[PDB]
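S.K.: Sequence, then structure. It's an experimental one.
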Amino acid sequence: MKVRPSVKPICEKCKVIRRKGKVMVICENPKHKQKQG
Amino acid sequence: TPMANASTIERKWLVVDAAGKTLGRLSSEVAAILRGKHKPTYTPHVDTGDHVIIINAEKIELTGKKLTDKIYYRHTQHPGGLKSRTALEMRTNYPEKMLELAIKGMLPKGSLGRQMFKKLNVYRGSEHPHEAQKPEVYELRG
Amino acid sequence: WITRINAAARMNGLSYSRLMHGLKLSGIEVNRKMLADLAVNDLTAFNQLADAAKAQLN
Amino acid sequence: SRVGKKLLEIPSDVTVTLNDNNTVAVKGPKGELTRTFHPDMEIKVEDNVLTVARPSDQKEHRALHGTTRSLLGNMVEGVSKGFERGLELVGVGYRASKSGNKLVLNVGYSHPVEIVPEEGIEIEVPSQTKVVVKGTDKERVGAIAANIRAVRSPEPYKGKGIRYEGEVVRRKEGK
Amino acid sequence: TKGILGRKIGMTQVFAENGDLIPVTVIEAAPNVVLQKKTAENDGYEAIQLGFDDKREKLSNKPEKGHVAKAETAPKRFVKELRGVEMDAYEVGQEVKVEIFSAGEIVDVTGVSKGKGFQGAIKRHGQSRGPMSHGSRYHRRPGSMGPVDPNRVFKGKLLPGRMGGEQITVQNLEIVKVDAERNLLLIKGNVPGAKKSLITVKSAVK
RNA sequence: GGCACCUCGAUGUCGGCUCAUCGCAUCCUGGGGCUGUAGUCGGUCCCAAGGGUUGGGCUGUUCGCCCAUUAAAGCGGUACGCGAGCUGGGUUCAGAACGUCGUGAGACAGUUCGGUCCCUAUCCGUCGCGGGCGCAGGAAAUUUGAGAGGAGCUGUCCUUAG
RNA sequence: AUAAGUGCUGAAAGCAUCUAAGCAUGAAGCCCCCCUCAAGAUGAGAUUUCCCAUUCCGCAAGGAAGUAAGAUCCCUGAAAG
């Protein structure tokens, strides 16, 4: 769970979605999930 | 020399239904009829206003996401203490608070302001305690 | 005077601004705010001016 | 490539009823389901046919059109044949047993736990190491499955607690 | 809930059949009488208000005499009311006595405090005092007012004033013996208030 | 630190004592995510300001270092909080000396010993306590509660179970 | 009732997706529950009980003069000061 203002898909099977106005990224690797801000 | 009326006034009793009128527009028009600015013989120091009664204070609706976004701050005079409650809060128990401070901020400030807020009463439901004043139903315009 | 005139116009279902606009294209209404206010205290005459302005407006 | 466009069916005595304001009540062999919808959707029931349409073509309209289509499908299918979600608890001492309507599940916690389904949602314990819930609607089925999972979601080293059917859990090597 | 009202006669110790020593509070309570049964549909809530001990006819006045004449007793000096009681349990004019309590029950106790008067901050709130030596002219003063920027002192800086006389509640007290013959109560602990004063005793809400 | 904008017809300057109060960019206690997280322990990050956040030795010292505890020994703001509340150890007078500089009178963010801290509270403000009046008759009691305050902290041991 | 978080169902965008529609769970945190004050709350609240609506004047606008219930002054005091 990273909290970075810059959100990148770390690997190709991460996918970027928007929840509650804040951009997340979800991947089945739990090491790759972060929110923006 | 125009007539500045004093103690030549009759007070009407008005009923307005608040179930489907947003409190911003409702407060804005209710402040005007509380001022008596609808009355033609208005003077700014004798309170030619009209008694109004709210009906269904419980059913106000709010535009946008104000239902949980509007905060009602209040500050007791003791140090380091602030109280707040949201807009969807006090719908549960006292909408009369939301209305009463809405028209309190609506109408002018001063001794006449207190005396002129004095005429307004606000209740839940659709039931007057009083019918002896022969209250007529009036609708909003804007 | 203006807010009294505004009340007089609104209770005939008219805005004050449209009222004076209609008066001005109705003619040179040299009648002014004080005596229009006295026309409010003689309101039937104020009605007799208001409908003339309204009917002239269109 | 449009799920909200396709049609739905009434196979075997699926009594779909349209109520006053876009409200639907269906009584099938499994039971009765009821649901209320905001009235901008047009739902008309024909013999073995039910309609769904949106007034305009824009974002929220498309979204709620597709969702209400899938949801009507979900209620009619659940009231037709029902739904079940299996669950296979794993480990070395973990014990799950029926205790009437209420379930008693024995986990390494110093106390046994308790779950009381009440919504017409029924549970079945076919084996010691495998449990299943039975319910009319998939939503409440998944809710009860979620609370059973939340008693002990598994660990990534050995794997314990509660597991869904074929649920792949991540493996971490603990030295 | 349940509770009575009495007069605090004193406090002592009593042994309790095991070797340990138990200080006790001694409260005599003549059997109280319920005078009015406050009900919801007119009073907004349900309660019973009851009187504790008598008065002479000299100090009795006509209004309270008429109020008491419904329950047909002597005039009552000490009247209080309780909330949360069983509404139908008490008929108006009945007594309550002391036996509704039994030894070993946890008890909420409430009484007025001992009045002390105008005491300084040292006694009043127990913050420490300055040095007694090394040049200190700050022997027993109540501390600095506050900062400078707010241009005023805040509310609630704790200053010298009167003590006492303000009712206080001690929770979870334990009744060790009841003497219904003499109409006496005997609670472990220490109970606030001066001698021969008000004291009310309740079943603990905890 | 830069600028010189209010104050030289005076706005008392370090530190300490008494008293707090606020913010959160959280030291503990609360809830979680990831872990190069087996478990006892941790690392980071997020939500969280309710409460708490120790006694000594040394130096005027804040600061530090050390001793011993604690769950923890937080960071900051409020005229580097608080002298019409206190302290006067140091800087910040007049005496005297040392080192150095100056031919000298003398001088040193160099040191050392000694060295007068005024005020009867007017109005706000604060903490208590009274009198009047009001509450469309006059009284004695019992209350409702808008709305204010306070408390709101934690360890150790046993068992589950080696 | 929530925060971070964990979700259930599901389209937009045939899949996926705690999400936009809905349904949940979730903190020494918020409101209550605990204790105290509190109707000057001028919005001056409520309950029970007692006194009764006398004498004069302008007759009446309203005053004044004895009172009832009930208080007070004064005195003995303290558990209060």
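M.R.: Okay, I see it. Residues are numbered from 1 along each chain as shown, chains lettered A, B, ... in the order given.
S.K.: So residue B:24 lies in a helix, does it not?
M.R.: Yes: the assignment for residue B:24 by DSSP: H, G, I helix; E, B strand; the rest coil puts it in a helix.
S.K.: What count of nearby residues applies to it?
M.R.: Residues lying near residue B:24 (other CB atoms under 10 Å in any protein chain shown) number 14. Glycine gets a C-beta too; all of them are placed from N, C-alpha and C.
S.K.: residues contacting it?
M.R.: Residue B:24 makes contact with residue B:63 under the criterion CB atoms under 8 Å, 6 or more residues apart in numbering or on different chains.
S.K.: and the gap between the residue sitting nearest the centre point of chain B and RNA strand G?
M.R.: Nearest to the mean C-alpha position of chain B, by CA atoms, centre = their mean, lies residue B:103 at 4.0 Å. Going from residue B:103 to RNA strand G by CB to the nearest atom of the strand, to the nearest Å gives 10 Å.
S.K.: Now do the SS call for that residue.
M.R.: Following three-state DSSP, the label given to residue B:103 is helix.
S.K.: I'd say it and residue B:30 touch.
M.R.: Yes: counting by CB atoms under 8 Å, residue B:103 touches residue B:30, with 6.1 Å between them.
S.K.: overlap in contacts of the two?
M.R.: Overlap of the contact sets of residue B:103 and residue B:30 (by CB under 8 Å, 6+ apart) consists of residue B:120.
S.K.: what about the residue of chain D found nearest RNA strand F, which SS state?
M.R.: Relative to RNA strand F, the nearest point of chain D is residue D:174 (2.8 Å; CB to the nearest atom of the strand). Using three-state DSSP, the structure places residue D:174 in coil.
S.K.: any idea how far chain B is from it?
M.R.: In this structure, residue D:174 and chain B are 44 Å apart, going by CB to the nearest CB, to the nearest Å.
S.K.: how deep is that residue tucked in, by neighbour count?
M.R.: Residue D:174 has 8 neighbours, counted by other CB under 10 Å.
S.K.: If you drop the residues flanking it in sequence, what lies closest to it?
M.R.: In space, residue D:174 comes closest to residue D:157 once its chain neighbours are excluded; the distance is 4.0 Å by CB to CB, 6 or more residues apart in numbering or on different chains.
S.K.: Convert whichever strand or helix holds residue D:69 to PDB, retaining C-alpha atoms only.
M.R.: If you go by DSSP states H and E, residue D:69 is part of helix D:59-81. In PDB, the C-alpha atoms belonging to helix D:59-81 read as follows (Å, rounded to 0.1, in the frame of the first residue of the first chain):
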ATOM      1  CA  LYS D  59     -23.100   7.800 -19.100                       C
ATOM      2  CA  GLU D  60     -25.200   7.200 -16.000                       C
ATOM      3  CA  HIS D  61     -28.100   6.000 -18.100                       C
ATOM      4  CA  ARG D  62     -26.000   3.300 -19.800                       C
ATOM      5  CA  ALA D  63     -24.500   2.300 -16.400                       C
ATOM      6  CA  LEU D  64     -27.800   1.900 -14.500                       C
ATOM      7  CA  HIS D  65     -29.400   0.300 -17.600                       C
ATOM      8  CA  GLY D  66     -26.800  -2.500 -17.700                       C
ATOM      9  CA  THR D  67     -26.900  -2.900 -13.900                       C
ATOM     10  CA  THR D  68     -30.700  -3.200 -13.700                       C
ATOM     11  CA  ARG D  69     -30.700  -5.700 -16.600                       C
ATOM     12  CA  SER D  70     -28.200  -7.900 -14.900                       C
ATOM     13  CA  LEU D  71     -30.000  -7.500 -11.600                       C
ATOM     14  CA  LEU D  72     -33.400  -8.600 -13.000                       C
ATOM     15  CA  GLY D  73     -31.600 -11.500 -14.500                       C
ATOM     16  CA  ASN D  74     -30.100 -12.300 -11.200                       C
ATOM     17  CA  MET D  75     -33.400 -12.200  -9.300                       C
ATOM     18  CA  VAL D  76     -35.300 -14.300 -11.800                       C
ATOM     19  CA  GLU D  77     -32.500 -16.900 -12.000                       C
ATOM     20  CA  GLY D  78     -32.200 -17.100  -8.200                       C
ATOM     21  CA  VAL D  79     -35.900 -17.400  -7.700                       C
ATOM     22  CA  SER D  80     -35.900 -20.100 -10.400                       C
ATOM     23  CA  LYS D  81     -33.100 -22.400  -9.300                       C
END
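S.K.: Please point out which parts of that helix sit buried.
M.R.: Within helix D:59-81, the residues that count as buried by 16 or more other CB atoms under 10 Å in any protein chain shown are D:64-66, D:68-69, D:71-80.
S.K.: any residue of that helix up close to chain B?
M.R.: No: Helix D:59-81 stays clear of chain B (CB under 8 Å from any CB of the partner chain), getting no nearer than 15.3 Å.
S.K.: what's in contact with that helix?
M.R.: Here helix D:59-81 makes contact (CB under 8 Å, 6+ apart) with D:3-4, D:6, D:8-12, D:14, D:16, D:24, D:26-33, D:35, D:37-38, D:40-41, D:43, D:50, D:52-55, D:136-139.
S.K.: Fine by me, thanks again.
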